[PDB]
Amino acid sequence: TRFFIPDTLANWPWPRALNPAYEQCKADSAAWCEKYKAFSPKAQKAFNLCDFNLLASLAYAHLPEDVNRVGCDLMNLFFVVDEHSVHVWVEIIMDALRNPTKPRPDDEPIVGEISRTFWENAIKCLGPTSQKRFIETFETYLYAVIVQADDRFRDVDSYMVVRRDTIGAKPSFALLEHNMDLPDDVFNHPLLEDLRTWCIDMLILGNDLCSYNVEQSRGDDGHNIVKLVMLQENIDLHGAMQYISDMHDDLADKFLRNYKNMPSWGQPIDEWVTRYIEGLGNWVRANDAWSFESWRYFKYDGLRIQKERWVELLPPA
Amino acid sequence: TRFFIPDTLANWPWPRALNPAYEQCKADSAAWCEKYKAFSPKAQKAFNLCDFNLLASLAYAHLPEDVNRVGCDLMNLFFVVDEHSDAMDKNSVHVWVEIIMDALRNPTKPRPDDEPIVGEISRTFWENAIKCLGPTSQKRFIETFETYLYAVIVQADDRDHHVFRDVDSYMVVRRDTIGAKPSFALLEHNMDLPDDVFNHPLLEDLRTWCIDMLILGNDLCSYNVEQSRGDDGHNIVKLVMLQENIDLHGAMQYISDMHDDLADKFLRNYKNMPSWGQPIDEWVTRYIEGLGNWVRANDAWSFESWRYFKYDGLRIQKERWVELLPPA
Ligand SMILES: CC[N+](CC)(CC)Cc1ccccc1
Ligand SMILES: CC[N+](CC)(CC)Cc1ccccc1
Ligand SMILES: [Mg+2]
Ligand SMILES: [Mg+2]
Ligand SMILES: [Mg+2]
């Protein structure tokens with residue numbers, strides 16, 4: 001009747017941190033989004049109660065104000081894309097991103113103008129590398145989530161390959177590069193790829209752990225890693241939570257074993273790499289903090305559950 | 001017949017690092033110390049084989065060469081203290097400590113000829129050190145070193161009279177007798193931390209958890225020789241067996257968990273300090289970085305040195321399994 005969500009981040013070295021502009025950033029991004037009147041009534045309640053501004057302000061806590069605002073707009077845009085969610089539709093979004101100063105046709109879905117004004121504002125605080133990184137990764141995200149949604153698992157490892165692109169971590173990480181100029185030889189260095197990949201997988205586990213209760217009550221858990229593990233390893237729910245707790249521990253341990261062992265390029269690259277890795281580590285904390293403080297997964301019991309870990313299995317809806 | 005030393009640092013973030021000036025510091029420091037002829041023949045060989053310069057150079061791997069040299073002198077001085085304090089007890093400790101402290105307070109006044117040589121060894125150690133240690137660092141060393149000197153004498157007196165300890169109370173004593181607190185003062189060589197930043201409760205906690213891991217590591221390594229000479233009475237391995245009524249295998253697992261809990265508290269909090277702005281924030285970060293590297297440095301030295309495992313420590317470091325020495 002109840003299951004114990006493992007305390008995977010109990011000793012994680014990055015503490016919960018909140019951007020000081022949360023309140024302002026929240027009120028601005030909410031206004032910018034909601035002036036388009038583009039959410040249904042059901043969606044508006046979700047948008048508000050999920051507080052993607054909180055998610056963003058936790059993730060970008062140590063970043064400047066205007067980037068934090070971009071992060072707020074990005075998280076809200078993720079919702080907009082979901083809510084308004086094929087090749088022509090995504091090509092509208094990409095074309096707005098590619099041409100921020102181009103007037104969007106009057107007979108086009110409003111996501112084109114929302115995407116445009118988002119990027120118009122973003123390029124005022126994301127340097128050219130961060131810009132280039134976001135456009136590349138965001139396109140891959142859109143194709144992964146939208147264009148391939150129709151056609152869309154052998155095992156858990158093949159789920160994690162697809163989910164590394166559908167969760168949207170990679171475009172969110174581009175904002176960490178706002179005032180960085182990491183050359184391709186640094187960003188794709190094998191150790192840094194490993195650290196990034198381990199953080200993304202930890203993000204995946206955490207979100208599936210927290211969405212699982214609601215998803216199973218509705219029969220929507222087919223792609224949740226909890227369910228996938230149960231089927232692959234022939235184990236119950238409690239055994240699945242232990243298995244995923246172990247899997248998360250191995251990832252965290254690999255990160256801890258390595259994140260201070262990056263090689264040295266000289267300055268200013270070494271300081272960039274250090275701050276970028278700080279941003280990866282804080283991302284794992286921020287996602288988890290938000291997953292419990294938000295209404296999204298636990299409604300109004302999340303803070304209690306974060307401390308106590310026991311969750312009541314919801315009955316079939 | 002054989003115990004397993006827990007792989008306490010398998011996941012520790014700080015990698016082994018060695019000061020690039022190791023060989024020069026080692027040679028100058030060993031010559032400085034050996035010219036006093038303060039060691040018995042057996043103690044001269046041990047001083048050489050243990051190579052306390054390697055310990056200093058691992059722990060101070062990221063510090064300037066001259067500060068690294070001070071660290072080598074300090075690690076060698078601790079051995080001098082261990083060798084010479086053996087003649088002292090609770091009745092002579094204050095006059096004995098005051099000889100050393102008078103030397104540190106006055107690094108330029110040669111000591112009288114009728115006084116134990118540890119005064120002059122301490123004096124010339126400090127005469128060199130004050131050229132690269134700033135005033136907060138100097139003040140921090142003077143204060144913590146004095147406490148350490150009383151503590152080692154008193155601890156030897158308590159052992160001699162079989163004063164009782166359990167796990168928690170042993171740890172309280174050992175935090176002061178291990179010598180980590182004066183050693184940390186060198187980390188402040190070019191810092192000026194205000195008293196309320198240095199004594200901030202989280203920084204105090206981080207230092208304490210660091211020191212406690214250092215204690216556990218050292219006792220795990222020294223246990224084998226200690227238990228074979230019945231000298232393991234105040235060895236956490238023995239204190240755990242007694243306090244918990246468990247066997248060696250059980251005690252090793254208990255200590256593993258105890259180390260894990262300290263490591264988790266340290267990792268959980270090392271990036272949780274409040275902010276005072278610059279240059280106070282950079283100092284705190286670099287200070288804590290030195291605390292994190294000390295844990296690795298102590299461990300690396302404990303296995304590479306001759307001090308605990310002779311020439312077998314690199315195998316033990318890899319395999320963890322150790323054959324119980326028979327009674328000596
Ligand atoms: C809104 C997207 N997401 C994905 C877990 C909630 C479903 C938050 C998020 C986005 C990007 C990276 C990490 C988390
Ligand atoms: C382990 C090294 N030492 C030196 C006195 C005994 C050999 C204890 C110690 C450990 C850590 C820091 C300072 C001293
Ligand atoms: Mg999920
Ligand atoms: Mg000693
Ligand atoms: Mg010992």
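Indexing begins at 1, ligand by ligand and atom by atom, following the structure's order. Chain letters run A, B, ... following the sequence lines, proteins first and then strands; every chain starts at 1. Computation of the quantities below employed the complete heavy-atom set of this structure, encompassing side-chain atoms and omitting hydrogens, waters and symmetry-equivalent molecules.
Among all protein heavy atoms, the one lying closest to atom 12 (C) of ligand 2 is B:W294 CZ3, 3.2 Å. In this structure, the protein non-hydrogen atom closest to atom 14 (C) of ligand 2 is B:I178 O, 3.4 Å. Summary of contacts: the protein heavy atom closest to atom 6 (C) of ligand 2 is B:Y308 OH, 4.3 Å. Of the protein's non-hydrogen atoms, the one nearest atom 10 (C) of ligand 2 is B:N218 ND2, 3.6 Å. Of all protein heavy atoms, the one closest to atom 2 (C) of ligand 2 is B:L55 CD2, 3.4 Å.
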request  = Please test B:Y270 against A:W14 for ring-ring contact (aromatic ring centres under 6.0 Å, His included), starting from the C-alpha separation and ending with a verdict.
outcome  = CA-CA 9 Å; B:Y270 96 101; A:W14 284 265; 7.8 Å; no
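Proximity of B:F4 to B:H249: side-chain heavy atoms (C-beta onward) are nowhere separated by under 4.5 Å.
Each of the atoms 1 (C), 10 (C) of ligand 2 lies under 4.0 Å from some heavy atom of B:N298.
Of all N/O/S atoms in B:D219, OD1 sits nearest the Mg ion (ligand 5).
A ring-centre distance under 6.0 Å is not found for B:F52 and B:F78.
The cationic atom of B:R207 (NZ for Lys, CZ for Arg) does not lie both less than 6.0 Å from the six-membered ring centre of B:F184 and within 45° of the ring axis.
The proximity of B:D82 to ligand 2, defined as any non-hydrogen pair under 4.0 Å, does not occur for either the backbone or the side chain. Using a 4.0 Å cut-off between heavy atoms, B:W301 contacts ligand 2 through its side chain alone, with no backbone atom that close.
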